[PDB]
Amino acid sequence: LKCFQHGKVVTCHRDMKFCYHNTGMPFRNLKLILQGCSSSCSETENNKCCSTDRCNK
């Protein structure tokens, strides 16, 4: 999977079956990105787990 881990779409390791988009905690004035790749992601509504390339756009 190649996903936007560093903002740019980068190739995640072969262990990484999922790319995650974590929204963090609802905070205002806080722009922190929690987009990386995961080997075994936990699908929640807080953190979304997609397994398609460039999904975490």
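### Notes on the environment of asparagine 22
Alright, step 1. The residue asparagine 22 is located in strand β3 (residues 18–22) in this model.
Alright, step 2. Judged by its relative accessible area of 18%, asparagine 22 falls in the buried class.
Alright, step 3. For the pair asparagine 22 and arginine 54, spaced 32 residues apart in sequence, the C-alpha separation works out to 15 Å.
Alright, step 4. Residues contacting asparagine 22, with those up to four places away along its chain left out, are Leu34, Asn46 and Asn47.
Alright, step 5. One polar contact links the side chain of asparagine 22 to the main-chain amide nitrogen of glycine 24, over a distance of 2.7 Å.

### Some thoughts on unusual backbone geometry
With the exception of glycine, most residues fall at negative phi, and the peptide bonds are largely trans.
Alright, step 1. We note that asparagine 29 has phi near 70°; this positive angle belongs to a residue other than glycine.
Alright, step 2. When you line up the elements, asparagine 29 lands in the loop between β3 and β4 (34–38).
Alright, step 3. Owing to a relative accessible area of 83%, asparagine 29 belongs among the exposed residues under this scheme.
Alright, step 4. Positive phi, close to 65°, is recorded for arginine 54, a residue that is not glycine.

### Some thoughts on the nonpolar core
Alright, step 1. By size, the foremost hydrophobic cluster in this structure holds 5 residues: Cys3, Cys12, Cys19, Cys37 and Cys50.
Alright, step 2. Not counting residues up to four positions away in its chain, the partners in contact with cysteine 19 are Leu1, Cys3, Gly36, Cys37, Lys48, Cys49, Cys50, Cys55 and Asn56.

### Here we look at the environment of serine 40
Alright, step 1. Mapped onto the elements, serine 40 comes out in the loop between β4 and β5 (47–50).
Alright, step 2. Residue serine 40 is classed as exposed on the basis of its relative accessible area of 63%.
Alright, step 3. Sequence separation between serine 40 and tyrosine 20 is 20 residues; the distance between their C-alpha atoms is 9.8 Å.

### Digging into the state of the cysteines
Alright, step 1. The final tally for this structure, using the stated rule, is 4 disulfides.
Alright, step 2. Between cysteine 50 and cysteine 55 runs a disulfide, and the two sulfur atoms are separated by 2.0 Å. Because the torsion about its S-S bond is 65°, the bridge between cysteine 50 and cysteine 55 counts as right-handed.
Alright, step 3. What links to what in the protein: the bonded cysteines, counted in sequence order, pair as 1-3, 2-4, 5-6, 7-8.

Each value, and the rule that gives it
- Residues numbered from 1 in each chain as written, not as in the entry; some residues may be left out.
- Heavy atoms only, no water.
- Helix = DSSP H or I, 4+ residues; strand = E, 2+ residues; numbered from the N terminus.
- Buried < 20%, exposed > 50% of the residue type's maximum accessible area, 1.4 Å probe, protein only.
- Contact = heavy atoms within 4.5 Å.
- Polar contact = N/O pair within 3.5 Å; in protein donor to acceptor, adjacent residues only side chain to side chain.
- Core = buried A, V, L, I, M, F, W, Y, C linked by side-chain atoms within 4.5 Å.
- Disulfide = S-S within 2.5 Å.

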